[PDB]
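> got a sequence here, can you model it:
(chains A, B, C, D and E)
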Amino acid sequence: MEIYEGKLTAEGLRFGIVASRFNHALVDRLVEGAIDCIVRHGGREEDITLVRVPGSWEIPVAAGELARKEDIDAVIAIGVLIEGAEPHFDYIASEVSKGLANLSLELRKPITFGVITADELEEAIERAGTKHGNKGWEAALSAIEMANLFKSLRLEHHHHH
Amino acid sequence: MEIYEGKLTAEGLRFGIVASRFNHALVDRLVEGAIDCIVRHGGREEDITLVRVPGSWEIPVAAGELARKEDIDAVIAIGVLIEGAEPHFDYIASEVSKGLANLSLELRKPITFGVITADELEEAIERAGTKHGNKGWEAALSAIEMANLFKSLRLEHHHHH
Amino acid sequence: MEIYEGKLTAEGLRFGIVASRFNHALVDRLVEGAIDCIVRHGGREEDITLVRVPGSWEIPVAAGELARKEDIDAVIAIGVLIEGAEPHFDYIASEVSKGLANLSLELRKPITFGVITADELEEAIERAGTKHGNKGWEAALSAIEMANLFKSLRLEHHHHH
Amino acid sequence: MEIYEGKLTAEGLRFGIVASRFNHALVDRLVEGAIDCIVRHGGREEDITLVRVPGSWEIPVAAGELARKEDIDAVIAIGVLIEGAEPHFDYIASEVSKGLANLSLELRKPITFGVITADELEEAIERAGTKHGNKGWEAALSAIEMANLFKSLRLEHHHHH
Amino acid sequence: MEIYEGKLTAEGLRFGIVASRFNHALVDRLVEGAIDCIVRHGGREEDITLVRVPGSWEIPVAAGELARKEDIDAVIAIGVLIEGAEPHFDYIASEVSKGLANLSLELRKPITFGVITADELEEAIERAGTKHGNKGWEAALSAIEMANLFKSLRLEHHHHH
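Numbers count the residues shown, from 1 in each chain, chains lettered A, B, ... in the order given. Next up is the structure itself:
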């Protein structure tokens, strides 16, 4: 049997990070957790690419560009939605998830979903700020594993060629 | 009438297995279910491909890779989804079913949906211990039928060309 | 004005039938209704193509290959969803609906939807009587009509060229 | 560790079927189940042997002779018991279960038990028409595994020699 | 497919009959029933062997003798049990059915169960006068078909040799 999986070492890897500004209190907290887990899991931070955009809606369009760089191996989606805006929450939420998924299948490059949807500010300030459930921590880690995963997929992809 | 279908021999076939890690006490019995059902329906296991991925989300981006190799006849999607988060489960749920469905139409290769959604860890305990219903068994078998069917369709689509 | 349309004669035409097995009692009921209207309204039964798969999920990936041979003109989707499985109902019906739709767009060849979603056994009985409500009867009628329709269009696409 | 188990390929195997005529409305549905599961599992139906006997009582005595042919690998008992007569049900069920047991011990050749004791005709309509719990289907499957098993026990029975 | 089954001609055959005398008013009817169904289904009756024993218990020991003769092809059990007492009925009933069962599996020669257990002499008066249910007739019939079955099976058991 052939087994593919990614270890968690952040060695030799270049990451993308896409960051909103809306609710900057908790998002800024999230990116913190992302950078940290990157560097401590063995990676260098000069390859972190952080792109900022105003709100949740624009997250997709930006990442689509970051991935068509040759030297960003994986990309970290980062944003927050909290049911403050009721007509937009429906359409911004389902569509961003949807657009991110389509981006990855297309480009064949892992994009990970680091978006808190917290139904209130009380559920938001307790996760990102109090509990180690630093959502950016984990989406960051999952992407690391994906990076080494396509390193497994594509390193064998050249040995066969 | 021209009747097609799949008999159930797994002779000479090569399979894809994508595996999540989350709630590994359950996933792993499912994976076992796929591997066993294969080899006990005639197949050999060095041509099974085993990939491990973090959670339900990354299933498509990875499985799409397994279908762009030539030497895979059908890919078996294996993940579990249990109501942990109201924000995460809904969106990622309809998204995996989507991404899987679309890849299958596209790459012209079967992808099966061996994903538990057991409304509790306990309704996953009833599916593996109370009755034969080990979903990895059943969706993997469906996959065998699809591979022999597509072999039926493409062997006759080799005689008329 | 140029009026395009399809008569209801089934001569010169070659058909597709994609047939599940789940809830066979109801599905046999419908496939009989399908081959019935076909050979009655002017066809032979020798160039009907009848493909069988386990459940509703595979309906797409199967029909997708059937309409990709040269000789299959219109395809008659045939399957049953009754609210037994709770995740397979919502997602496996949303994506087969959407899925078969996008196939017919792409291939430019009529695929009809003869999948009942009858919420109980008693709508499964008032359709399963000979009281015409055999959804395969009507759906197979529509694709016959669409069959000679794309004859009218594709043949008129030959006189213009 | 030496693991002995049978895969499910029905390749090259020759089978025994013993089928009563009593209550044949459902028994016939069984034999259908058996022949199918065999051939769909890679077998060819020329090597199926179908024996007919009046009631339940004769099932053992005949089967015993079938397995004393050299060219029969496994034998599928098929019959129906429904509480008709007091002497019939009690004594014939106890002695069939004991009889078929002893025969397999002595002959050193598997005999599986596809006799339903459905305590009503309606518990056999719920064994057959509302589930795919086709008793002969699975009793046949177990027999396939048994044949491959004694294939395993008897192939290693000739390499040690 | 090969179907072995018994036609019903009693030509060329030789039979064993073992008869208790107890409750002779009715046994006599049964014995006559057997002789009839032999002679009228073509049998000649000088090759019928009729043995009489006292009560129910001694049935098996006697049949063992008749089946060890080379020239008897099938043996008919004939005896009557009526709940004259609970001490004898439970154990002697289980033992004859048992002893008979082992006699046939062993000697490989069909033995029929022509024992009425009628819960009163009035279930035996209803068995004999209300409907043709002449149990000796019926089990004698089954013995004919079994004789011709083993004729079929053993005939092919010499053409292969």
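> drop to CA atoms for contacts and neighbour counts, all remaining ones
Fine.
> the most centrally placed residue in chain A: which element?
Centroid-nearest residue in chain A: residue A:76, 1.9 Å away (criterion: Cα atoms, centre = their mean). Residue A:76 belongs to strand A:74-81 when elements are defined using DSSP states H and E.
> paired strands for that strand, with orientation please.
Take DSSP bridges as the rule and strand A:74-81 pairs in its sheet with strand A:15-20 (parallel), strand A:111-117 (parallel).
> in contact with the residue nearest to the centre of chain A, which residues?
For residue A:76, the contacting residues are A:15, A:16, A:17, A:18, A:111, A:112, A:113, A:114, A:139, A:140, A:143, by Cα atoms under 8 Å, 6 or more residues apart in numbering or on different chains.
> out of those residues, the closest to chain C would be?
Using Cα to the nearest Cα, residue A:113 comes nearest to chain C of the contacts of residue A:76, at 21.1 Å.
> picking up where we left off before, is whichever helix or strand comes after the strand holding residue A:76 in proximity to chain C?
Using DSSP H and E, the helix or strand that follows strand A:74-81 in sequence is helix A:86-107. No: counting by Cα under 8 Å from any Cα of the partner chain, chain C has no neighbours in helix A:86-107; the shortest distance is 14.2 Å.
> in chain A, which residue sits nearest chain D?
For chain A, Cα to the nearest Cα, closest residue to chain D: residue A:1, 18.5 Å.
> and what about the residue nearest to that residue when sequence neighbours are not counted, helix, strand or coil?
Excluding the flanking residues, the one nearest residue A:1 by Cα to Cα, 6 or more residues apart in numbering or on different chains is residue B:46, at 4.3 Å. Following DSSP: H, G, I helix; E, B strand; the rest coil, we place residue B:46 in the coil state.
> number of residues surrounding residue B:46?
Look at residue B:46: counted by other Cα atoms under 10 Å in any protein chain shown, it has 10 neighbours.
> do you know how far it is from chain C?
Separation of residue B:46 from chain C (Cα to the nearest Cα, to the nearest Å): 26 Å.
> now residue A:50
Counting by Cα to the nearest Cα, the gap from residue A:50 to chain C is 35 Å.
> can you classify that residue by secondary structure?
strand.
> was I right about it contacting residue A:14?
No: using Cα atoms under 8 Å, residue A:50 is not in contact with residue A:14; the gap is 11.4 Å.
> for the two, indicate the residue with more neighbours.
Set residue A:50 next to residue A:14 and count neighbours by other Cα under 10 Å: residue A:14 wins out with 20 against 16.
> number of residues surrounding whichever residue of chain A sits closest to chain E?
For chain A and chain E, the shortest gap (Cα to the nearest Cα) falls at residue A:1, measuring 40.8 Å. For residue A:1, the number of neighbouring residues by other Cα under 10 Å comes to 10.
> tell me the contacts of it?
Residues counted as contacts of residue A:1 (Cα under 8 Å, 6+ apart) are B:45, B:46, B:47, B:48, B:49, B:50.
> which helices and strands does the longest helix anywhere in chain A pack with?
Counting by DSSP state H, the longest helix found in chain A is helix A:135-160. With contacts defined as 3 or more Cα pairs under 8 Å, 6 or more residues apart in numbering or on different chains; DSSP states H and E, the packing partners of helix A:135-160 are strand A:2-4, helix A:24-40, strand A:74-81, strand A:111-117.
> quick one: buried residues of the longest one?
Within helix A:24-40, the residues that qualify as buried are A:26, A:27, A:28, A:29, A:30, A:31, A:33, A:34, A:35, A:37, A:38, A:39, counting by 16 or more other Cα atoms under 10 Å in any protein chain shown.
> quick check: the residue in chain A positioned nearest to chain B vs residue A:81, distance?
Chain A approaches chain B most closely through residue A:1 (4.3 Å), counting by Cα to the nearest Cα. According to Cα to Cα, to the nearest Å, residue A:1 and residue A:81 sit 43 Å apart.
> how about residue A:134?
Counting by Cα to Cα, the gap from residue A:134 to residue A:81 is 16 Å.
> same thing with residue A:6?
As for residue A:6, its distance to residue A:81 is 30 Å (criterion: Cα to Cα).
> one more: residue A:138?
Applying Cα to Cα, the value for residue A:138 to residue A:81 is 18 Å.
> so residue A:64 makes contact with residue A:103?
Yes: using Cα under 8 Å, residue A:64 is in contact with residue A:103, at 6.3 Å.
> tell me the residue of chain A that sits nearest chain C?
For chain A, Cα to the nearest Cα, closest residue to chain C: residue A:98, 14.2 Å.
> what's the residue nearest to that residue when sequence neighbours are not counted in contact with, if anything?
Excluding the flanking residues, the one nearest residue A:98 by Cα to Cα, 6+ apart is residue B:95, at 6.9 Å. Neighbouring residues of residue B:95 by Cα under 8 Å, 6+ apart: A:97, A:98, A:101.
> same list, the strands paired with strand A:74-81, but as TSV with distance to residue A:129 please.
Output for those, formatted as TSV (distance: least, Cα to Cα, whole Å):
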stretch	distance to residue A:129
strand A:15-20	17
strand A:111-117	12
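> these: which one's closest to residue D:120?
Residue D:120 lies closest to strand A:111-117 among these, at 55.3 Å (Cα to Cα).
> ok, and what's touching the closest one?
A:74-82, A:97, A:100-101, A:103-104, A:124, A:135-136, A:139-140, A:142-143, B:58, B:87-88.
> 6 Å instead, please
A:75, A:76, A:77, A:78, A:79, A:80, A:81, A:104, A:136, A:139, B:87 (Cα atoms under 6 Å, 6 or more residues apart in numbering or on different chains).
> how about stretch A:44-59?
Under Cα under 6 Å, 6+ apart, the answer for stretch A:44-59 is A:14, A:15, A:16, A:17, A:18, A:19, A:20, A:21, A:22, A:79, A:92.
> rewinding a little: gap between the residue nearest to residue A:98 and residue C:95?
According to Cα to Cα, residue B:95 and residue C:95 sit 10 Å apart.
> do residue A:56 as well
Applying Cα to Cα to residue A:56 and residue C:95 gives a distance of 27 Å.
> swap in residue A:4?
As judged by Cα to Cα, residue A:4 and residue C:95 stand 29 Å apart.
> swap in residue A:35?
Applying Cα to Cα, the value for residue A:35 to residue C:95 is 38 Å.
> which residues touch residue A:2?
By Cα under 6 Å, 6+ apart, the contact set of residue A:2 is residue B:49.
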